[PDB]
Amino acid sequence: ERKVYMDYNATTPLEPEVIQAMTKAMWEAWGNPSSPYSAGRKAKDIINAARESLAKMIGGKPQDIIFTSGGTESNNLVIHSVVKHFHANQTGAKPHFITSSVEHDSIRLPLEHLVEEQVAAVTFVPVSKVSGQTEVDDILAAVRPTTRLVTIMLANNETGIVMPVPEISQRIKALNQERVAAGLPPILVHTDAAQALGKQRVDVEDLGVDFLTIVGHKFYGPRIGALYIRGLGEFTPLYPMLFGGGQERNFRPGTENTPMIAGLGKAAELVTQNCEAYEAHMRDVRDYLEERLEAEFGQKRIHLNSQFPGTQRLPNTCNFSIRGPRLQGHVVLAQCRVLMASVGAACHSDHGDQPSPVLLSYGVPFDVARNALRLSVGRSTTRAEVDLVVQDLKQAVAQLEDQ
(Lines of atoms letter the chains of each structure in order from A and count residues from 1; the text may use other names and numbers.)
(Lines give C-alpha, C1' and ligand atoms only; values in the text may rest on other atoms or scores of the structure.)
Protein backbone atom coordinates (compact mmCIF):
# COMPACT_ATOMS: atom_id res chain seq x y z
CA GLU A 1 0.00 0.00 0.00
CA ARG A 2 0.82 3.72 0.02
CA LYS A 3 3.58 5.24 2.15
CA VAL A 4 3.07 7.91 4.90
CA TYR A 5 5.89 10.35 5.57
CA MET A 6 6.33 11.34 9.19
CA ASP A 7 9.92 12.69 9.12
CA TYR A 8 9.24 16.39 8.47
CA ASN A 9 11.80 17.30 11.14
CA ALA A 10 14.51 15.73 8.95
CA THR A 11 13.32 17.54 5.78
CA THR A 12 10.11 18.78 4.15
CA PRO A 13 9.10 18.47 0.49
CA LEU A 14 9.02 21.66 -1.62
CA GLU A 15 5.64 23.46 -1.87
CA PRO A 16 4.39 23.54 -5.59
CA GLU A 17 4.39 27.39 -5.49
CA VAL A 18 7.99 27.37 -4.22
CA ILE A 19 9.06 25.09 -7.11
CA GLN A 20 7.11 27.40 -9.45
CA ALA A 21 8.92 30.48 -8.12
CA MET A 22 12.30 28.73 -8.59
CA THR A 23 11.59 27.57 -12.12
CA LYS A 24 10.51 31.03 -13.27
CA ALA A 25 13.74 32.51 -11.79
CA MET A 26 15.82 29.83 -13.49
CA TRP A 27 14.55 30.91 -16.90
CA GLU A 28 13.95 34.69 -16.54
CA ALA A 29 16.28 35.88 -13.81
CA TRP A 30 19.45 34.13 -14.87
CA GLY A 31 21.71 37.20 -15.16
CA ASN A 32 24.21 38.46 -12.68
CA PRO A 33 22.26 40.36 -10.00
CA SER A 34 24.80 43.22 -10.33
CA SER A 35 24.18 43.86 -14.02
CA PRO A 36 22.37 46.73 -15.69
CA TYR A 37 20.76 44.27 -18.14
CA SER A 38 17.24 43.00 -17.75
CA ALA A 39 17.94 39.40 -16.60
CA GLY A 40 20.33 40.74 -13.93
CA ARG A 41 17.78 43.36 -12.87
CA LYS A 42 15.05 40.77 -12.58
CA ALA A 43 17.41 38.74 -10.36
CA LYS A 44 18.10 41.76 -8.22
CA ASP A 45 14.31 42.34 -7.91
CA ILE A 46 13.87 38.63 -6.90
CA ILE A 47 16.53 38.87 -4.19
CA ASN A 48 15.25 42.17 -2.78
CA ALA A 49 11.64 40.84 -2.56
CA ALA A 50 12.80 37.56 -0.98
CA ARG A 51 14.81 39.49 1.67
CA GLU A 52 11.63 41.40 2.51
CA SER A 53 9.52 38.19 2.68
CA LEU A 54 12.04 36.68 5.12
CA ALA A 55 12.05 39.80 7.31
CA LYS A 56 8.25 39.74 7.33
CA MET A 57 8.27 36.09 8.41
CA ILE A 58 10.40 36.76 11.54
CA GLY A 59 9.20 40.32 12.24
CA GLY A 60 12.52 41.97 11.48
CA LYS A 61 13.83 44.43 8.87
CA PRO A 62 15.30 43.29 5.49
CA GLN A 63 18.58 45.12 6.24
CA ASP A 64 19.09 42.62 9.14
CA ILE A 65 18.97 39.55 6.88
CA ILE A 66 21.78 37.84 4.92
CA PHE A 67 21.35 34.79 2.67
CA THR A 68 23.47 31.76 3.29
CA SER A 69 24.06 28.28 1.94
CA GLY A 70 22.06 26.69 4.76
CA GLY A 71 21.60 26.29 8.50
CA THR A 72 25.06 24.85 9.05
CA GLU A 73 26.75 27.90 7.44
CA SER A 74 24.49 30.36 9.37
CA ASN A 75 25.27 28.67 12.70
CA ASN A 76 29.05 28.42 12.04
CA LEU A 77 29.07 32.07 10.93
CA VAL A 78 27.62 33.40 14.23
CA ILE A 79 30.21 31.51 16.32
CA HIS A 80 33.06 32.47 13.99
CA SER A 81 32.10 36.13 14.06
CA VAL A 82 32.02 36.18 17.87
CA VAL A 83 35.59 34.73 18.00
CA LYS A 84 36.88 37.28 15.40
CA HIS A 85 35.24 40.16 17.21
CA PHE A 86 36.92 39.12 20.46
CA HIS A 87 40.27 38.80 18.62
CA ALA A 88 39.83 42.23 17.02
CA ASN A 89 39.27 43.60 20.53
CA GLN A 90 42.43 41.86 21.86
CA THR A 91 44.73 41.72 18.75
CA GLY A 92 45.92 35.06 26.76
CA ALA A 93 42.17 35.46 27.23
CA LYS A 94 39.66 33.41 25.17
CA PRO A 95 36.01 34.15 24.46
CA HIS A 96 33.42 32.05 26.33
CA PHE A 97 30.15 30.59 24.99
CA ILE A 98 27.11 29.27 26.78
CA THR A 99 24.88 26.80 24.96
CA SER A 100 22.74 23.75 25.77
CA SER A 101 23.53 20.02 26.05
CA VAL A 102 21.10 19.26 23.20
CA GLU A 103 22.11 21.52 20.24
CA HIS A 104 22.13 20.46 16.59
CA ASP A 105 25.57 19.28 15.32
CA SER A 106 26.04 22.61 13.48
CA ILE A 107 26.23 24.37 16.91
CA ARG A 108 27.68 21.60 19.12
CA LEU A 109 30.54 20.63 16.84
CA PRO A 110 31.98 24.03 15.87
CA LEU A 111 31.84 24.72 19.60
CA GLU A 112 33.62 21.44 20.60
CA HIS A 113 36.21 22.15 17.92
CA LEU A 114 36.98 25.61 19.34
CA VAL A 115 37.65 23.99 22.77
CA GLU A 116 39.73 21.16 21.26
CA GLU A 117 41.81 23.96 19.58
CA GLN A 118 42.01 26.09 22.77
CA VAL A 119 40.43 29.00 20.92
CA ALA A 120 37.26 29.33 23.02
CA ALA A 121 35.74 28.27 26.36
CA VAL A 122 32.26 26.66 26.22
CA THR A 123 29.72 25.74 28.90
CA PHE A 124 27.21 23.19 27.72
CA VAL A 125 24.24 23.74 30.11
CA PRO A 126 22.34 20.55 30.84
CA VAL A 127 18.54 20.33 30.43
CA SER A 128 16.32 19.79 33.51
CA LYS A 129 14.91 16.28 33.95
CA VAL A 130 11.69 17.96 35.23
CA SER A 131 11.04 20.58 32.46
CA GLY A 132 13.24 19.32 29.62
CA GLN A 133 14.66 22.83 29.36
CA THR A 134 17.91 24.58 30.17
CA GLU A 135 17.05 26.41 33.41
CA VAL A 136 17.70 30.10 32.72
CA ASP A 137 19.21 30.46 36.22
CA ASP A 138 21.88 27.95 34.99
CA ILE A 139 22.70 29.92 31.85
CA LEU A 140 23.14 33.07 33.94
CA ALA A 141 25.14 31.16 36.65
CA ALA A 142 27.60 30.17 33.87
CA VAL A 143 28.39 33.82 32.93
CA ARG A 144 31.96 35.02 33.24
CA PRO A 145 33.67 38.24 32.14
CA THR A 146 34.86 36.64 28.86
CA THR A 147 31.32 35.47 27.93
CA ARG A 148 30.20 36.88 24.56
CA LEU A 149 27.39 34.59 23.29
CA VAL A 150 24.50 32.56 24.55
CA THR A 151 23.28 30.21 21.78
CA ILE A 152 20.25 28.16 22.71
CA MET A 153 18.08 26.42 20.07
CA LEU A 154 14.46 27.58 19.76
CA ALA A 155 13.11 24.04 19.50
CA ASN A 156 14.90 20.73 19.71
CA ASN A 157 14.81 18.64 16.54
CA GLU A 158 14.58 15.32 18.31
CA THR A 159 11.97 16.02 21.06
CA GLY A 160 10.22 19.22 19.83
CA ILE A 161 10.80 20.81 23.25
CA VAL A 162 10.70 24.59 23.07
CA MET A 163 13.43 26.51 24.89
CA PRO A 164 12.72 29.68 27.04
CA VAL A 165 14.54 32.04 24.65
CA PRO A 166 12.46 35.19 25.37
CA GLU A 167 13.26 34.83 29.13
CA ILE A 168 16.93 34.14 28.39
CA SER A 169 17.16 37.32 26.29
CA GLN A 170 15.37 39.36 28.93
CA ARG A 171 17.68 38.22 31.72
CA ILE A 172 20.75 38.76 29.45
CA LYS A 173 19.52 42.34 28.68
CA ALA A 174 19.21 43.19 32.41
CA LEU A 175 22.69 41.66 33.03
CA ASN A 176 24.22 43.59 30.14
CA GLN A 177 23.30 46.83 31.92
CA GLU A 178 25.33 45.81 34.96
CA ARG A 179 28.17 44.75 32.65
CA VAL A 180 28.38 47.96 30.69
CA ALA A 181 28.43 49.84 34.00
CA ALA A 182 31.35 47.54 35.04
CA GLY A 183 33.21 48.14 31.75
CA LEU A 184 32.52 44.61 30.43
CA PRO A 185 31.29 44.05 26.83
CA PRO A 186 27.60 43.09 26.40
CA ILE A 187 26.63 39.49 25.92
CA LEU A 188 24.83 38.57 22.64
CA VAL A 189 22.09 35.88 22.23
CA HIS A 190 21.63 33.57 19.18
CA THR A 191 18.79 31.13 18.58
CA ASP A 192 18.86 28.34 16.04
CA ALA A 193 15.18 28.55 14.97
CA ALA A 194 15.60 25.82 12.30
CA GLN A 195 12.84 23.62 13.76
CA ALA A 196 10.34 26.27 14.79
CA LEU A 197 9.82 28.19 11.50
CA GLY A 198 6.55 27.39 9.82
CA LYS A 199 5.27 25.46 12.84
CA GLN A 200 4.71 28.26 15.32
CA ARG A 201 5.19 32.04 15.19
CA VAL A 202 8.79 33.19 15.31
CA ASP A 203 9.10 36.90 16.08
CA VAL A 204 12.48 38.46 16.66
CA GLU A 205 11.11 41.15 18.96
CA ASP A 206 9.19 38.63 21.10
CA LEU A 207 12.36 36.50 21.09
CA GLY A 208 14.64 39.49 21.86
CA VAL A 209 17.64 37.81 20.23
CA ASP A 210 20.60 39.36 18.41
CA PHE A 211 20.96 36.50 15.88
CA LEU A 212 18.56 33.88 14.44
CA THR A 213 19.19 30.95 12.02
CA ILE A 214 16.69 30.30 9.22
CA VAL A 215 16.62 26.87 7.47
CA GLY A 216 14.56 26.70 4.23
CA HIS A 217 14.27 22.95 3.99
CA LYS A 218 12.50 22.79 7.38
CA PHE A 219 9.58 24.97 6.10
CA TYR A 220 8.97 23.55 2.60
CA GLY A 221 11.57 25.72 0.89
CA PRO A 222 14.88 24.87 -0.78
CA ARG A 223 18.18 23.81 0.82
CA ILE A 224 19.52 27.28 1.52
CA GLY A 225 19.06 29.53 4.50
CA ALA A 226 19.71 32.87 6.08
CA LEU A 227 20.90 34.65 9.16
CA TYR A 228 19.15 37.45 11.04
CA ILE A 229 21.57 39.90 12.72
CA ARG A 230 19.86 42.63 14.77
CA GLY A 231 21.01 46.07 13.62
CA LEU A 232 23.46 44.47 11.21
CA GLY A 233 26.36 46.81 10.45
CA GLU A 234 25.20 49.37 12.98
CA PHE A 235 24.48 47.89 16.44
CA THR A 236 25.82 44.34 15.95
CA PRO A 237 29.05 43.62 14.07
CA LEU A 238 29.45 40.59 11.79
CA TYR A 239 32.90 39.34 10.76
CA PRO A 240 32.57 37.34 7.53
CA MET A 241 33.98 33.82 7.01
CA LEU A 242 34.22 34.25 3.28
CA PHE A 243 36.02 36.89 1.19
CA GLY A 244 35.23 37.74 -2.42
CA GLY A 245 33.23 40.04 -4.63
CA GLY A 246 31.00 42.20 -2.38
CA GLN A 247 27.74 40.29 -2.38
CA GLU A 248 25.46 40.45 0.67
CA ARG A 249 27.15 43.69 1.70
CA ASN A 250 30.43 41.71 1.96
CA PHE A 251 29.07 39.72 4.91
CA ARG A 252 28.60 36.66 2.62
CA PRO A 253 30.27 37.05 -0.78
CA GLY A 254 29.63 34.97 -3.88
CA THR A 255 27.28 35.33 -6.83
CA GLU A 256 23.74 35.03 -5.42
CA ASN A 257 21.83 31.78 -6.04
CA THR A 258 18.81 33.55 -7.47
CA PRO A 259 16.57 30.53 -7.97
CA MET A 260 17.17 29.23 -4.40
CA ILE A 261 16.54 32.74 -3.02
CA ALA A 262 13.26 33.04 -5.05
CA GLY A 263 12.32 29.73 -3.37
CA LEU A 264 13.24 30.73 0.15
CA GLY A 265 11.33 33.98 -0.18
CA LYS A 266 8.26 32.23 -1.48
CA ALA A 267 8.48 29.63 1.31
CA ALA A 268 8.66 32.54 3.78
CA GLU A 269 5.56 34.25 2.24
CA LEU A 270 3.64 31.01 2.86
CA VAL A 271 4.64 30.91 6.56
CA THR A 272 3.60 34.59 6.95
CA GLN A 273 0.22 33.96 5.29
CA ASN A 274 -0.57 30.61 6.88
CA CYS A 275 1.60 29.88 10.00
CA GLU A 276 -1.53 29.81 12.23
CA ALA A 277 -3.31 27.18 9.99
CA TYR A 278 -0.08 25.07 9.83
CA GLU A 279 0.42 25.07 13.59
CA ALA A 280 -3.20 24.15 14.38
CA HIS A 281 -3.32 21.34 11.82
CA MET A 282 -0.02 19.82 12.96
CA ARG A 283 -1.21 19.91 16.58
CA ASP A 284 -4.49 18.19 15.87
CA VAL A 285 -2.82 15.30 14.01
CA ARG A 286 0.09 14.89 16.44
CA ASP A 287 -2.25 14.88 19.40
CA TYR A 288 -4.49 12.36 17.47
CA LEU A 289 -1.45 10.17 16.81
CA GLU A 290 -0.59 10.15 20.57
CA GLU A 291 -4.19 9.30 21.43
CA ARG A 292 -4.31 6.45 18.87
CA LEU A 293 -0.92 5.09 19.97
CA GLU A 294 -2.18 4.85 23.59
CA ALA A 295 -5.56 3.40 22.50
CA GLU A 296 -3.88 0.72 20.40
CA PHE A 297 -0.83 -0.32 22.48
CA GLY A 298 -1.92 0.78 25.92
CA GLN A 299 -0.78 3.63 28.12
CA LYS A 300 1.49 1.21 29.99
CA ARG A 301 3.33 0.22 26.77
CA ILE A 302 3.99 3.78 25.52
CA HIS A 303 6.62 6.19 26.79
CA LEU A 304 6.00 9.64 25.40
CA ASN A 305 9.56 10.98 25.34
CA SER A 306 8.47 14.51 24.08
CA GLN A 307 6.15 15.16 26.99
CA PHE A 308 7.26 17.08 30.09
CA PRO A 309 4.43 18.44 32.37
CA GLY A 310 3.89 22.09 31.51
CA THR A 311 6.65 22.49 28.86
CA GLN A 312 5.82 23.78 25.34
CA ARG A 313 6.86 21.60 22.45
CA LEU A 314 6.53 21.82 18.67
CA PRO A 315 2.97 21.05 17.49
CA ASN A 316 4.08 18.31 15.01
CA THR A 317 6.56 16.19 16.98
CA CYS A 318 6.03 12.93 18.86
CA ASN A 319 9.08 11.10 20.25
CA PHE A 320 7.93 7.82 21.80
CA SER A 321 9.01 4.28 22.79
CA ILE A 322 7.05 1.03 22.88
CA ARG A 323 8.07 -1.30 25.71
CA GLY A 324 9.50 -4.68 24.70
CA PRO A 325 12.89 -6.37 24.42
CA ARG A 326 12.53 -6.80 20.58
CA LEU A 327 11.37 -3.29 19.71
CA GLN A 328 14.44 -1.15 19.22
CA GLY A 329 13.55 1.92 17.17
CA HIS A 330 15.48 1.03 13.97
CA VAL A 331 14.33 -2.56 14.13
CA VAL A 332 10.65 -1.51 14.27
CA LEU A 333 11.01 1.01 11.46
CA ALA A 334 12.53 -1.72 9.24
CA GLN A 335 9.34 -3.85 9.75
CA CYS A 336 6.97 -1.05 8.83
CA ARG A 337 5.50 -1.10 5.28
CA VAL A 338 3.76 2.36 5.45
CA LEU A 339 5.55 4.59 8.01
CA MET A 340 8.63 6.55 7.02
CA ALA A 341 10.23 8.08 10.14
CA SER A 342 13.46 8.23 12.06
CA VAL A 343 15.06 7.33 15.40
CA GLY A 344 16.85 10.63 15.59
CA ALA A 345 18.64 13.31 13.61
CA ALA A 346 18.79 12.42 9.88
CA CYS A 347 22.61 12.97 10.03
CA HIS A 348 23.04 10.43 12.90
CA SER A 349 20.99 7.72 11.13
CA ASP A 350 24.21 5.68 10.72
CA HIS A 351 24.21 5.27 14.53
CA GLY A 352 20.52 4.21 14.72
CA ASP A 353 21.80 1.13 16.59
CA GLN A 354 22.64 2.85 19.89
CA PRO A 355 20.33 5.33 21.60
CA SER A 356 20.33 8.93 20.62
CA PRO A 357 22.91 10.93 22.62
CA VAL A 358 20.22 13.65 22.61
CA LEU A 359 17.60 11.47 24.21
CA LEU A 360 20.23 10.41 26.73
CA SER A 361 21.08 14.08 27.59
CA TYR A 362 17.30 14.47 28.21
CA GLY A 363 17.46 11.76 30.91
CA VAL A 364 15.44 9.20 28.95
CA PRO A 365 16.01 5.75 30.52
CA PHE A 366 18.48 3.78 28.47
CA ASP A 367 16.08 0.93 27.68
CA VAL A 368 13.30 3.42 26.67
CA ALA A 369 15.83 5.37 24.51
CA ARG A 370 16.79 2.13 22.68
CA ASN A 371 13.18 1.81 21.55
CA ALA A 372 12.66 5.48 20.69
CA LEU A 373 10.95 6.56 17.46
CA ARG A 374 10.60 10.21 16.28
CA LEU A 375 7.42 10.86 14.31
CA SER A 376 7.08 14.41 12.99
CA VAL A 377 3.92 15.33 11.01
CA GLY A 378 3.45 18.00 8.34
CA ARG A 379 1.06 20.23 6.41
CA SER A 380 -0.47 17.38 4.38
CA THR A 381 -0.54 14.74 7.15
CA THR A 382 -4.14 13.57 7.83
CA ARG A 383 -5.83 11.65 10.69
CA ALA A 384 -6.58 8.85 8.12
CA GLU A 385 -2.82 8.57 7.50
CA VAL A 386 -2.31 8.43 11.28
CA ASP A 387 -4.70 5.46 11.37
CA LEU A 388 -2.71 3.62 8.67
CA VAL A 389 0.52 4.36 10.55
CA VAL A 390 -0.68 2.99 13.86
CA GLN A 391 -2.03 -0.10 12.11
CA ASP A 392 1.38 -0.46 10.43
CA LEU A 393 3.18 -0.21 13.83
CA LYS A 394 0.67 -2.71 15.23
CA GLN A 395 1.57 -5.31 12.54
CA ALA A 396 5.32 -4.53 12.90
CA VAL A 397 5.65 -5.15 16.62
CA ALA A 398 3.55 -8.34 16.29
CA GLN A 399 5.98 -9.73 13.75
CA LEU A 400 8.98 -8.81 15.93
CA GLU A 401 7.22 -10.55 18.89
CA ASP A 402 6.03 -13.67 16.88
CA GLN A 403 9.65 -14.13 15.72
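From 1 onward, residues are counted along the sequence shown.
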Quiz item: Per the PDB record, is the mean Cα temperature factor higher over 359 to 367 or over 343 to 351?
Solution: 343 to 351
Quiz item: Quick one: higher average CA temperature factor, 95 to 103 or 294 to 302?
Solution: 294 to 302
Practice problem: Comparing against every modelled residue in the chain, figure out the third that the C-alpha B-factor of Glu269 lands in (lowest, middle or highest). | Solution: middle
Practice problem: Select lowest, middle or highest to describe the third in which the CA B-factor of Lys61 falls within its chain in this entry. | Solution: highest
Practice problem: Sorting the chain's modelled residues by C-alpha B-factor, tell me whether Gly231 ends up in the lowest, middle or highest third. | Solution: middle
Self-check item: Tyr288 - which third its CA temperature factor falls in, relative to the rest of the chain
Solution: lowest
Exercise. Check where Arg51 lands among this chain's C-alpha B-factors and tell me if it's the lowest, middle or highest third.
Key: middle
